[PDB]
């Protein structure tokens, strides 16, 4: 009654099990959920349980990754034929790397564009987590928007999962906006980070709602680690860089609208900005993490836009227990709009995203171990990096006790070509790549970012490659040898 404000919809209230029985073999399902936030839970749990009794296969699209071990449960029950666009789940990841589940990682802003222009098969049914349903039958989401507005609109049928664990005071937080349609599309009329251009609920005709399921279950919390000496060193290198830019008249003291990637390094790098002279910041990001709220509390961050909010347990309790402290400083948008090239380039975003590895020519791998093994997906990193005022990628310089260098002669897999990378940072230092040719980037990368264990070997590769010439020097015999050495002998330097 506070939750379902269109009383006639109460006839569609049913069990998670009854709702899941509406999903059958061969269907495409569009579901809410973005980096643990705002996902349907009871329906997919029920779906996975059911599939162990009698099996089926679906194609599943989300906003991004799911928590609550949902991908694990779906994968183990054999439910997933096809999965997109992003997942964080070691069981699913294993299935994908064994060819058992077809995975398509897409630039996070682009899936709904493909759907709306006939390039991608539409969802048959949308399963959307909600804080409330309005008097008009329109859906108020919870802790993320992600792709849910497009999924609800495109799908022939909608399941709404009302989650009592999220307050009805989330209403107002969201700005649901769908671009106008080709061949006569008009501009996305956003010019400031806090513009409201849409509505607070996802507007659909309520006749297409086929089930309302009542649930009460929290989001899985963010698992970001506390900052350590290395992430602190990364933040300090980056701060020094911004200080040089400001003192040079190339940037102001409020920097630029900030986007920070999902995960501990990027979150830790953002926390690092509390110890800095920078004032009156804004964020135009895809995910909002603990660091968003640390920055607001420090008085540094004026406003943050995102698609998804994902917090550690206490911070989550603090924010959503005391929402009115933050509500005027936040907005949640569809991930298409939080990541939109037109908006990213209009605003001049400063994007800070984490690399799995990068090479001496500035190319970045965000996804594949040894060029073959998928981790999670390219996510929004390409939406921001391509169009950003500054595209910054960060990573510790080594992994596995030194056995792996995060800086290599040639990346095993390219997610961002060197054209979309401006600044690279490890605990060792920072490589400013702006205006530099390939041979110039290599000397700066090797000097600044590479671990002492790998510096001489990487310089030897570069110098021997240069002897063979080219705009972008390589030894075709050796370009991928570190990756092969790791795989065959357990250390990149074991020849």
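Positions refer to the first chain, counted from 1.
Stretches 388 to 396 and 242 to 250 differ in mean CA B factor, with 242 to 250 having the higher one. Averaged over CA atoms, B-factors in the entry run higher in 140 to 148 than in the other of 140 to 148 and 377 to 385.
In this entry, the residue among 357, 415, 342, 100 with the greatest C-alpha B factor is 100. As recorded in the PDB entry, 27 shows the highest C-alpha B-factor of the residues 465, 64, 437, 27.
Split the chain's modelled residues into thirds by C-alpha temperature factor. Residue 293 is in the middle one. Sort the chain's modelled residues by C-alpha temperature factor and residue 325 lands in the highest third, per the entry. Placement of the Cα temperature factor of residue 278 within the chain: highest third of the modelled residues, per the deposited record. Looking at the C-alpha B-factors along this chain, the one for residue 111 belongs to the lowest third.
In this PDB entry, the Cα temperature factor of residue 348 sits in the bottom third of its chain's modelled residues, the lowest group.
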